[PDB]
There are 2 protein chains.
Amino acid sequence: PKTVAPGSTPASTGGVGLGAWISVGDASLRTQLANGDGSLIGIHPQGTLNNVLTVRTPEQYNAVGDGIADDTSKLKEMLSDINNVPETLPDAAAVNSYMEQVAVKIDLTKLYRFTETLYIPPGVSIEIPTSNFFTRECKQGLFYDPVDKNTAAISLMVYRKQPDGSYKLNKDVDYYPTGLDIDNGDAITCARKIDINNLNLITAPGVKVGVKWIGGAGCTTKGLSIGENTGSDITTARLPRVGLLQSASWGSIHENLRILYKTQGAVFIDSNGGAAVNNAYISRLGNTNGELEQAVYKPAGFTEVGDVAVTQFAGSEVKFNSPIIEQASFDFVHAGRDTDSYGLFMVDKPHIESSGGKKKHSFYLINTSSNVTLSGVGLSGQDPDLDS
Amino acid sequence: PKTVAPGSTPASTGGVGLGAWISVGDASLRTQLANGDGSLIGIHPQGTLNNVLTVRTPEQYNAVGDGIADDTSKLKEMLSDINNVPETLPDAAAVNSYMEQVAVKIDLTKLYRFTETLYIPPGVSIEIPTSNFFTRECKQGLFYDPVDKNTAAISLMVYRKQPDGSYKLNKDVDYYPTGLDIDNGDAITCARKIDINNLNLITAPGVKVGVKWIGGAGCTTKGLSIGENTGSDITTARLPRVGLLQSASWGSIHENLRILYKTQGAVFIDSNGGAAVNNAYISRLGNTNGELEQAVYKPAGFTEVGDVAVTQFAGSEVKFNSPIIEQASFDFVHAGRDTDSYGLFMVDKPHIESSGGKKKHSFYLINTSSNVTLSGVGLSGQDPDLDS
């Protein structure tokens, strides 16, 4: 005989399974199926449902997905269930351990409004069926809508050494690690085994940075699409002032990156050795008042006013293959490293265009060398004296 | 007490759920499972089955998938359930709205015979596990087998203005939009957010065009494989006369495109700014009687007879990276724009080969400039006077 004390549960008096408690009847079956993992469902050629379910979705966490409800806590929980990295770690060993976890794929099929910077932990693959392209109304992806706009929508994880030798997660929007920081231990990257395939990211107007791709060595992207082609008034368009900011990401590849921006499209700083940006399509949403934008992250030597599609400095030497750059005051601003002019400016066959032939310069090169191959597409501005 | 009138249903008497009707018993459970969406099946770490099923398949619509039965209506129903765009629309706002719908991924794992031109609507991602490569018998993908062979197997959507001011979906095999048409309002593309991975397309012998990539700006492809290596005799091989016809597709990227053709491999016309074709493998199925093939879509300046692997004109300037071209009379025929010779012919390291060294010309350049990088692979024809 089996004695069951008052206040017992099947889980606390032997568990459910052979030799212990066995579910019997329809009510039990319903609950067993409702709270299971799919192991009760057989599949072909063999095995069970749980054997083949490997992707995660925000819907598993009850995200509304209408771009209205604040789905922040659900997105964080989904991410946490994959790799939950504490914001303060004791030492280098602890932070590095988080890059050694199981990687999981996430599928985003609706629109998720969020209001705090999302930090992607290592071991995360994100996918959406197709990438946005000058899309008028984003229907799938992420919509950053914070109170504090002096922030980034998405950011990779980089830990900064504290006075006591401990490491805290970086949460400063303007911060980016340098090759020096990584070398001398002041910064430790916690960004690896991260893959993006078609992520659409829109932001409330005025958000400072779309994506902070910091410390993402070896991390890859395909079809990353930033910003919404909301309408003619860029002042109210759902796109960030700065699309992407990247540093310490050697060996990182961005394939067919799409960026709609207001102030700066993409910025690459410091160590990005061997990184490539192929077939990028980076455009300001029209060039109305573009000449009045003030670059946010730029080398000291660049003091001109005007929006910049691609900015690179401090020794960064990303390879730009066949980029398409539209409606920019400055297509490219590139400065070599201050010390020795290191950092080759490399652009192969840029497709440069601007409505009404409005432009200041295509290649604003500072203290540097370059190899550029033109493809018969381009122009110089309307000012007969200063544009070239 | 609850009174239920004769002829009632749970729906007509309060509905199902808390405080209303609750299903009970095995018979109810079986029907609930059969007619539900998987919401009764819990999955890990939390949530239910319906939360992670996002991919569509023709089997959901009971397609036979044997390459024999006509699966046309079922393929069309699947595409329609994703984005049902009317063949006739009121105005530009109307046609443009259909590019703002949720995108859905489709997985094709069997072989589907169809008999009418399939029109892919915006917001569709097509996937097949692997791509064909000179395969003799196509086991997965689409098989176009129409009564009227003077048609296309697959086409993107482009709307043409009518005299009354309304727009109708183009169904003309020869039509292709130009920059003018787009600027005039005479044509409005309805092809955005389209992604193809490993699609295998085979067609009945005599079919004019394999794929009409018209207006596919920003649309992408990887492993798109056209034509079957049926047998030695090309007159009965299951491949189209013209593999791919493309226009108004600026920023589109075709990665590892594979085309087995009879008359022309790929044709690029008009605006294709910034578009790229990487690692394409284009080949006629043997050069037998190739010199007799008459190009269908070509510039006025090209009057020679012979099959052409790649044809480009009217200002199109697609970047061809490492293409592999085989068994063609003419590897590339390229014409600069009529008015000003615009449109650079760019080919980097083409791998050109042909059986028995049969060939007329590799680069047939008309009113144009070009930048070509040879990789030590090539040849010139057997005619000691005319071949170069």
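Each chain gets a letter, A, B and so on, in the order the sequences are listed, and its residues count up from 1.
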So do [Y] and [X] actually touch side chain to side chain, heavy atoms under 4.5 Å?
X        : Y        : value
A:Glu59  : B:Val52  : no
A:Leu260 : A:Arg258 : no
A:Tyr61  : B:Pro45  : yes
B:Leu156 : B:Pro122 : no
A:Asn96  : A:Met99  : yes
B:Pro58  : B:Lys74  : no
A:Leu108 : A:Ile106 : yes
A:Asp81  : A:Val104 : no

Roughly how far, to the nearest 0.5 Å, is [atom2] of [Y] from [atom1] of [X]?
X        : Y        : atom1 : atom2 : result
A:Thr221 : A:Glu255 : OG1   : CD    : 9.5 Å
A:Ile188 : A:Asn170 : CD1   : CG    : 13.5 Å
A:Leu118 : A:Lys76  : CG    : NZ    : 7.0 Å
B:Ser80  : B:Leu75  : OG    : CG    : 12.0 Å
A:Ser131 : A:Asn197 : OG    : CG    : 10.0 Å
B:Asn200 : B:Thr130 : CG    : OG1   : 6.5 Å

message: Could you tell me if B:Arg192 sits above the aromatic ring of A:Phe134, with its cationic atom closer than 6.0 Å to the ring centre and no more than 45 degrees from the axis?
response: no

message: Quick check with a 6.0 Å cut-off and a 45 degree axis cone: is A:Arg238 positioned over the face of A:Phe143's six-membered ring?
response: yes

To check you understand the geometry: which heavy-atom pair defines the closest contact between [X] and [Y], and what is its length?
X        : Y        : answer
A:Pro240 : A:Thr203 : N-OG1, 3.2 Å
A:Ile82  : A:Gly123 : CG2-O, 3.5 Å
A:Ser252 : A:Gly216 : CB-O, 3.7 Å
B:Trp213 : B:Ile196 : CH2-CG1, 4.2 Å
A:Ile214 : A:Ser155 : CD1-OG, 4.1 Å
B:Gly14  : B:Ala20  : O-CB, 3.6 Å

- request: Could you tell me whether B:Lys222 atom NZ has more than 12 heavy atoms of other residues or ligands within 6.0 Å of it?
  value: no

message: What verdict does the side-chain contact (heavy atoms from CB on, under 4.5 Å) test give for B:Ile120 and B:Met157, after you've listed the backbone C-alpha separation in whole Å, the side-chain angles of each residue and the deciding distance to 0.1 Å?
response: CA-CA 7 Å; B:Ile120 312 304; B:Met157 298 179 180; over 6 Å; no

task: In sequence, state the C-alpha distance, the side-chain angles, and the governing distance for A:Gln60 and B:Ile43, and then conclude on side-chain contact (heavy atoms from CB on, under 4.5 Å).
output: CA-CA 8 Å; A:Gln60 286 178 273; B:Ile43 56 177; 3.6 Å; yes

Any side-chain to backbone donor/acceptor pair from [X] onto [Y]? Under 3.5 Å, distance only.
X        : Y        : answer
A:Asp71  : A:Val64  : yes
A:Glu228 : A:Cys138 : yes
A:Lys193 : A:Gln101 : yes
B:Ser28  : B:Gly25  : no
A:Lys2   : A:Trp21  : no
B:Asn198 : B:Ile128 : yes
B:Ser23  : B:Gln32  : no
A:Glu127 : A:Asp107 : no
A:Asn83  : A:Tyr98  : yes
A:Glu100 : A:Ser97  : no

message: So if I apply the side-chain contact (heavy atoms from CB on, under 4.5 Å) rule between A:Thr115 and each of A:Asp148, A:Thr72, A:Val147, which one comes out positive?
response: A:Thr72

The single option from A:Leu111, A:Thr109, A:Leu199, A:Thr135 passing side-chain contact (heavy atoms from CB on, under 4.5 Å) against A:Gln140: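 Exactly one option meets the side-chain contact (heavy atoms from CB on, under 4.5 Å) with A:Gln140, and it is A:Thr109.
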
- prompt: Does the ring centre of A:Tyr144 sit less than 6.0 Å away from the ring centre of A:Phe114?
  reply: yes

- request: Please test A:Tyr119 against A:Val85 for side-chain contact (heavy atoms from CB on, under 4.5 Å), starting from the C-alpha separation and ending with a verdict.
  value: CA-CA 10 Å; A:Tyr119 295 86; A:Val85 195; over 6 Å; no

message: I'd like to know whether A:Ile41 forms a side-chain contact (heavy atoms from CB on, under 4.5 Å) with A:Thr48, so could you lay out the CA-CA distance, the side-chain angles of the two residues, the decisive distance to 0.1 Å, and finally the verdict.
response: CA-CA 5 Å; A:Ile41 306 298; A:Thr48 50; 5.7 Å; no

